[PDB]
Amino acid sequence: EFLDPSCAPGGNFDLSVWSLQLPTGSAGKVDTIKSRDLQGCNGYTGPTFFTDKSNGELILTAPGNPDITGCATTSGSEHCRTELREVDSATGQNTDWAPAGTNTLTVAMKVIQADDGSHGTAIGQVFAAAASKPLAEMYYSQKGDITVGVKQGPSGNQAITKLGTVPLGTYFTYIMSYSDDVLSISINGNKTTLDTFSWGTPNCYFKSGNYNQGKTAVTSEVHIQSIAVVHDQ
């Protein structure tokens, strides 16, 4: 369970359940690293996704407002990211799951610099594949306030709930759960059950990393110490 400073992230974390979306791109489409290329001690590394040479942890950076920085955005988004997108462990293909049974994402993270978006940097998501929209988008502000925006059904705006406060530079553990049709997030074991409004049990998938919401060019920086996905149906 010791991370290896000499390995790429694929040697220190199970990246067989992830692909990586980057803030660079070509043809207005962002570069994506397939799971097969992330995996292993000799897997992908780049300028925004690399191993901390002091301790083996994962460092993810992302640039601010693309209108200023020129960074690449996914379709439908106006913000740049270095962010992991869940895939099927067997095939490497994009996946999603029903919120029946148990679906959790547990991450130990610290934020070194957050962006100046309304709520700060997005550090985890439950994405509703069924509506091509986020169900829950968790944010970390420059004051260390952790919040979540939950769309009021697929056509509604995000309702914001405060989840906790953690000072910048301090490690914390989050758990995002959408299980037995109940959405909840815990921060250091403090659990908040969240209203899902008019959402009709959408198929979803997890995202985790650094999705920079900045109004200005401010960079964001996230470090990850552990990341685990559980599906038990």
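Numbering starts at 1 and follows the sequence shown.
Engineer: Test of understanding: from the entry's C-alpha B-factors, which stretch has the higher mean, 204-212 or 41-49?
Structural biologist: That would be 41-49.
Engineer: With respect to the recorded C-alpha B factors, which stretch has the higher mean value, 184-192 or 28-36?
Structural biologist: The stretch with the larger average C-alpha B-factor is 28-36.
Engineer: Sorting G120, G101, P134, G124 by Cα temperature factor from the record, which one lands on top?
Structural biologist: Answer for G120, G101, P134, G124: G101, with the highest C-alpha B-factor.
Engineer: Which of these has the highest Cα B-factor in the record: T82, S141, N94, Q113?
Structural biologist: In this record, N94 carries the highest C-alpha B-factor of the candidates.
Engineer: Would the CA B-factor of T69 place it in the lowest, middle or highest third of its chain?
Structural biologist: For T69, the deposited C-alpha B-factor lands in the highest third.
Engineer: Using the B-factors in the PDB entry, rank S54's C-alpha atom against the chain and give the third, lowest, middle or highest.
Structural biologist: It falls in the middle third of the chain.
Engineer: Based on the entry's values, in what third of the chain does the Cα temperature factor of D145 lie: lowest, middle or highest?
Structural biologist: As the PDB entry reports it, the C-alpha B-factor of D145 lands in the middle third of its chain.
Engineer: Would you mind checking where the Cα B-factor of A108 ranks among the modelled residues of its chain, as the lowest, middle or highest third?
Structural biologist: Ranked within chain, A108 CA B lands in the lowest tercile.
Engineer: By the record's CA B-factor, is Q225 among the lowest, middle or highest third of residues in the chain?
Structural biologist: Lowest third, going by the recorded CA B-factors of the chain.
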